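Student: Based on what follows, work out the 3D shape:
(2 chains)
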Amino acid sequence: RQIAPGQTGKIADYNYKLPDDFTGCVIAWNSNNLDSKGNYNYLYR
Amino acid sequence: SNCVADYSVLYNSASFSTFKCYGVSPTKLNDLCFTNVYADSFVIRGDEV
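Tutor: Numbers count the residues shown, from 1 in each chain, chains lettered A, B, ... in the order given. Sure, the structure comes next:
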């Protein structure tokens, strides 16, 4: 829900900020069946 | 009232589940002056925030 053109939070306001006029699609899905272990490797600045 | 209000002390606290601001943006709050803040405090169900 942070990955939208003008939303805010610990991801979107720092690293992956979308443009205010973003033209595009955001496609997302759960990956618990593939990437859970916990899996302390997936990481954010 | 009659005090200095650091709002980055709140906004950088990773403990908050939401921080919805309706006539101000949270990164602007340190640029601002107000007459009184009025903090209202209570508990509810999480289905109702």
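Student: how close does the residue of chain A found nearest chain B get to residue B:1?
Tutor: At 6.9 Å from chain B, residue A:10 is the closest residue in chain A, using Cβ to the nearest Cβ. Where C-beta positions appear, they are placed from N, C-alpha and C, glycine not excepted. Distance, residue A:10 to residue B:1, using Cβ to Cβ, to the nearest Å: 31 Å.
Student: and the two? which has more neighbours close in?
Tutor: residue A:10 (11 against 7; other Cβ atoms under 10 Å in any protein chain shown).
Student: and that one, what does it touch?
Tutor: Counting by Cβ atoms under 8 Å, 6 or more residues apart in numbering or on different chains, residue A:10 touches A:2, A:44, B:14.
Student: Next, find the distance separating the residue of chain A closest to chain B from residue A:21.
Tutor: 23 Å.
Student: Near chain A, which residues of chain B are found?
Tutor: B:14, B:25, B:26, B:27 (Cβ under 8 Å from any Cβ of the partner chain).
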